[PDB]
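Understanding the architecture of this molecule
Chain residues, written in single-letter form:
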Amino acid sequence: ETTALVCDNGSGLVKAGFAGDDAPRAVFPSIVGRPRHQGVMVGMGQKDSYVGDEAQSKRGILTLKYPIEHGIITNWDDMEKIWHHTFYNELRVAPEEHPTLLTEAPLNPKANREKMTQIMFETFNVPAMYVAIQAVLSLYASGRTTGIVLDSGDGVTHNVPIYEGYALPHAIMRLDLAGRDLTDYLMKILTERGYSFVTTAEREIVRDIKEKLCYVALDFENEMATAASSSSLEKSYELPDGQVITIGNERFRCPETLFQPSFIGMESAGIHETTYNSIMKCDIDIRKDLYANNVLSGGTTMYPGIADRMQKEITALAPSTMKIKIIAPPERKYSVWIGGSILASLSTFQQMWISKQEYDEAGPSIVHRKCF
Amino acid sequence: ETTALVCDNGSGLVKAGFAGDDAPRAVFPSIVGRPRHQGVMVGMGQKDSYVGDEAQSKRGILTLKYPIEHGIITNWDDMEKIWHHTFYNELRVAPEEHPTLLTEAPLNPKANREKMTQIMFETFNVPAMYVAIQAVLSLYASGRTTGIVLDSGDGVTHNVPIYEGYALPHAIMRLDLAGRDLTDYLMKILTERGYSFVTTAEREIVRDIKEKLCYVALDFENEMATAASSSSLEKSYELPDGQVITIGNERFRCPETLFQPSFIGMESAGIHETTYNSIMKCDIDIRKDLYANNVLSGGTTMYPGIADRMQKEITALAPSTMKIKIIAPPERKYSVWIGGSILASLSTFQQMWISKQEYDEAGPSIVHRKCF
Amino acid sequence: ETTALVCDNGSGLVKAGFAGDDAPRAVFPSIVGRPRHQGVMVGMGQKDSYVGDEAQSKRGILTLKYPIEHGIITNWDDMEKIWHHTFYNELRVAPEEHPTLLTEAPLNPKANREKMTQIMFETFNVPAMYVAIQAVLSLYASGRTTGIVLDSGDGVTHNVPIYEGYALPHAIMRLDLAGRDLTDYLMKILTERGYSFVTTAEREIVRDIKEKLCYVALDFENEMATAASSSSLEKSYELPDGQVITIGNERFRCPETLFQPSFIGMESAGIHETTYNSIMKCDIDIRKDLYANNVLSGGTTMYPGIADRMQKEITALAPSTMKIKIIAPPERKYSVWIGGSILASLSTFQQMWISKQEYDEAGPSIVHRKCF
Amino acid sequence: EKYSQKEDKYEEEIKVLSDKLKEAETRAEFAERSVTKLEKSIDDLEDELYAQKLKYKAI
Amino acid sequence: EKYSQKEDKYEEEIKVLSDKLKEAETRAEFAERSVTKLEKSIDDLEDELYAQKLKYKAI
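An account of the accompanying structure is given in this report. For each chain, numbering restarts from 1 and follows the sequence as written, which can differ from how the entry numbers it; residues lacking coordinates are not listed. Each chain is given a letter, starting from A, and each ligand a number, starting from 1, according to the order in which they appear as written. Each value given relates to the chains shown, not to the larger assembly they are part of. Only hydrogens and water are set aside when side-chain values are computed; all heavy atoms of the structure are taken into account.

Take the packing of aromatic side chains next. The aromatic pairing rule takes the rings of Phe, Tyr and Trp, using the six-membered ring of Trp, and pairs them if the centres are within 6.5 Å, calling planes under 30 degrees apart stacked, those over 60 edge-to-face and the rest tilted. Evaluated as defined, the whole model comprises 25 aromatic pairs over all chains. Pairing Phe121 of chain A with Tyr359 of chain A gives two aromatic rings, centres 4.8 Å apart and planes at 15 degrees, and the pair type is stacked. One end of the pair, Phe121 of chain A, is in helix 3 (residues 110-122); the other, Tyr359 of chain A, is in helix 13 (residues 356-362), and 238 residues separate them in sequence. Here the term buried applies to any residue with accessible area under 20% of the maximum for its type, exposed to any over 50%, and partly exposed to those in between, with areas from a 1.4 Å probe on protein chains only. Residue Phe121 of chain A is classed as buried on the basis of its relative accessible area of 4%. Between the aromatic rings of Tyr215 of chain B and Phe252 of chain B, the centroid separation amounts to 5.6 Å while the plane-to-plane angle is 45 degrees, which identifies the pairing as tilted. Placement of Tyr215 of chain B in the loop between helix 6 (200-213) and helix 7 (220-229) and of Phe252 of chain B in helix 8 (residues 250-256) is noted, with a sequence separation of 37 residues between them. For the residue pair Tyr215 of chain B and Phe252 of chain B, the accessibility class agrees, reading buried in each case. Secondary structure counts use DSSP, requiring at least four H or I residues in a row for a helix and at least two E residues in a row for a strand, with both numbered from the N terminus.

Another point: a negative patch on the surface. Residue and element names in this part refer to chain D. Where like charges cluster on the molecular surface, the negative patch consists of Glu39, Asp43, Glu46 and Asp47. Along the polypeptide, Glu46 turns up in helix 1 (residues 2-58). Of the residues examined, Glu46 reaches a relative accessible area of 45% and is grouped as partly exposed. The patch calculation keeps residues exceeding 30% relative accessible area without a salt bridge and links them within 9 Å when they carry like charges or within 5 Å when they are nonpolar (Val, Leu, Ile, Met, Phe, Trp, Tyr). Computed by Shrake-Rupley with a 1.4 Å probe, the accessible areas treat only the displayed protein chains as cover when residues are assessed. A pair is scored as a salt bridge if a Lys or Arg side-chain nitrogen falls within 4 Å of a carboxyl oxygen belonging to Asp or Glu. We count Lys and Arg on the positive side and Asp and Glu on the negative side, and we leave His and both chain ends out. Working definition for charges: the position is that of NZ of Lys, CZ of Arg, CG of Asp or CD of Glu.

Below, the discussion takes up the pairing of strand 9 (residues 100-104) of chain C. Residue and element names in this part refer to chain C. Most of strand 9 sits inside the fold, with five of its five residues counted as buried. Neither face of strand 9 is left uncovered, since the one carrying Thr100, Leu102 and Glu104 and the one carrying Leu101 and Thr103 both have all their residues buried. In this description, strands pair whenever DSSP reports at least two bridges between them. Direction of pairing for strand 1 (residues 5-9) relative to strand 9: parallel, over a ladder of three bridges. When the bridges of strand 9 are listed, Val6 appears paired with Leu101. For the crossover that starts at strand 9, traverses helix 3 (residues 110-122) and ends in the parallel strand 10 (residues 128-133), the hand is right-handed. We call a crossover right-handed when, viewed with the strands running away from us, the connection from the first strand over the helix to the second turns clockwise.

Moving on, we get to the arrangement of the chains. When the six pairs of chains in contact are ranked by number of contacts, first place goes to chains D and E. Considering only C-alpha positions, the minimal separation of the non-contacting chain B and chain D is 10 Å. Contacts are assigned to residue pairs that have any heavy atoms within 4.5 Å of one another. Chain C makes no contact with chain D; the smallest distance between any of their C-alpha atoms is 27 Å.

Structure below.
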């Protein structure tokens, strides 16, 4: 059988690998770089652009930019350099031998679905491809065919109810606020404490801090009080150049913005609220499976203690005769990619791929007939 | 005696089974389902149509439609799927081995009698069949060959006076108002209370409510007054997704439409009135036996306290020189079916069977020479 | 005749004025809002709440909360602030001098009819009031006492068949889908095109867009094809901070949901279908007059080209032996209000007023003995 | 996860059994009440039957 | 640890609910037969009372 590349298009880390595996084989930063100089590096082989660990390590002669922001490809030309790095550097294989499965947000722009279809087929010469919604794959990685996924990436949060592998297209909810925003917010609130960070070389350490030290409080007022009454809600972090900084209440405040969007000037409702407002669009005979199968997904859901908080919040909005229970997979950060590996290795799914001939007949638009 | 099926084709539940039994062996919903969209499930098998408890449970993909609306077969294609489900799924037997007693509504359309004859013989290849009137059977279940059957369905109420086991055609009253209508009405009057419902998944819970909580008042004004003067005429129901609703005067109002058809904008007279009228169109001599044997049948008659109401109403219209008594079977909901079983298990009925030979010669029209 | 107010309480525009006028005096947004924080404005008077055009002038300080959703008052405390704004700010008159005709949605909840009765009498001290059904009024505006009104709001569409000036309760169809829903839907389908709108400050422009640019297609497949085959079904709109956006097929798709409710996951039937069904539940004799007098009302019906579509659809469901004709008022969006004015200015209606005396004796419940 | 999927099942089974049981209980509850009702109707019919028997004996 | 313990309880619960359902059904079914037996006796008495009415009218 043809080995598929499953490539999860993350807004902060790219997760990529071969199908038939139950885990990604490549994980690298979603960063693309270009020279500070008027040309190539002195006395060394020619490259016009740099990616991942090469861009992170050669940084002193580069300007760096991001290819994807808030679940949207914000520059085609840099998403291409992630793809070029993915096939030829990280997996060291010809993509033209390997069908491609691409992850996307719910309601990902159609002009974008097409530019992705076109770029894969014309430049990389892929033999076949498909594009799939993040939450739909995370449900398959949760071992269940019907349920709802709260998927919170490194840049967007969605609530996506699904019946027997199809997402319900009227009931989906979106919130631009998650891991990208969360770093910029964390950085603001640290400046406020008097640990001013103003440089993007600091922003990436603030990102790492966030991933290591943030935790979801079970009760926001009680933890806030605890930090005001005692300094036991603070953890030290030693920066790379020495200098021990102390991270305080910012730990739980940073992710608190997910429950209360008004903290950062947004008019949107919270992630638990948009869970409730999503399920109540669905039929009563299926609401039982949706409320019982609330699945957490994506990088932002890997903060400890999240389940007890989300269990609380949803039972408070939802009637006490829908069964309520949080499903948190063992490695929920990868569940989109794992579900993509499962889907790409089903025997019945091999009829679903976009072929190169159908692309030659209908242009990039074929994704709106073969995909959903 | 070759095992006959008795298929009491109800307007809300199908009741089906084998003859020589005194009870149905399958009691399931009169519902058929078809997909809402192109593509039905992912990573699993899928099919073009669904029936009964499969359509009730796999619901999220389906538009739902019915074989029978107001005792009238309204779509041949769904009556067929109910039949296909009945033989091969529910009883798991070849129909081509088993004679079929079909029940028909009093005064069912002749073009319908025929399309039913034809569909049973050509597709299912039945050896033999007979069509018997549902009321006529309900009386045989009560152990008489003289009385009136008020068969009030899940969709149609008929008053059939029977003398010597012969239905009297001139005195047959058909009244379209019973259990189907009753749900739609109940739903209306709940919206009026401010418990608005709109989705058909809600309508089927309103149906269940109706069956559980409705009761026939003995005195309509006195119970109405009681509910206006006190909240002791209200019973709580907890919906299947939490949320406790309170069902008020709607309990007795819903079925009240059976006595006063004007409440829903009809020129029809009430069930009681139609029973009285039925007896008055009948021969003078038998009217004593008909009043005295007002036999109750069908699903709509299973509301508690019906007999005392019916006893009242009928004695008020009828002379006190004629004996009046309501006969309510122990399991009057199954009276039709039970009567089919008794009849179909009779050695004398074996000569009454329309054979395939008789089919081959005269076409579907043979039904009208053998069945009256 | 003592000057009555007519307050047509729309789900998106409130329409208010004095009776004896043939046109509303004030037409303003159905919005109320409250401060985001304690301390939010300097050098000017802070308020605990803001309303309508006053709120719209300085919206940034406010969390909006909605008095009416889907033709239901979903918060009493905000419906009160619309009313306070109505009497004292916009008409600058004492309500306690002026009888009040309130309009109600067809089949409005009784607990709501009462809280409206009570709130008007106790706080505003109205001398007198009456509540009349909005559809019933829209017909009086067209100069008839026989026909069907399809009142399609800024939130709810109702089909009310009226005979002899009497609404027929059994044939009232309420369909929750119209102008409120239509904005939220429009916004979803624009995100899909890649014009993501996520903020409610954008949604109110999307609302305006909808009112200006939507049009009812005469043939849905042929217009859809036209937009797929050519970009001549697109109109530009310049947003209020520059940036020219292009609105495509969304123009006719948005309102298309009114004919096909399955597009947004509803199990309901279309507006046309509900009109046909309404007429078929009505008495046989009057159905000719109802088809012939399909009277259009409300804000959602002001999309161009509606009549030819409606004419089509209704003739296809209805026999060609019944006369069919769409009646579209010159200013059909005011029909409710205009009808209130004509009615409230009638000498015969003066005896129909619920007096304060009648209030004092029976409490809010008096509404149900005087208003049907 | 195998325990979580089974646990889930065991709750859903507990609900379904609680619900199925309660319908059997409500019906049982109804049977006891019917019996009490019939016993009362039987008493009444036996009494009428005797009273009719006296009347038949008498004439 | 909790899932094991919650599984143990739930197996016990399922077992107790299931035995309870089966018991409720057999007894409920015995009571329905009890009613059917009483009803048959109402029918006998009713007939007999009617025959007694025809005779009583006669004599």
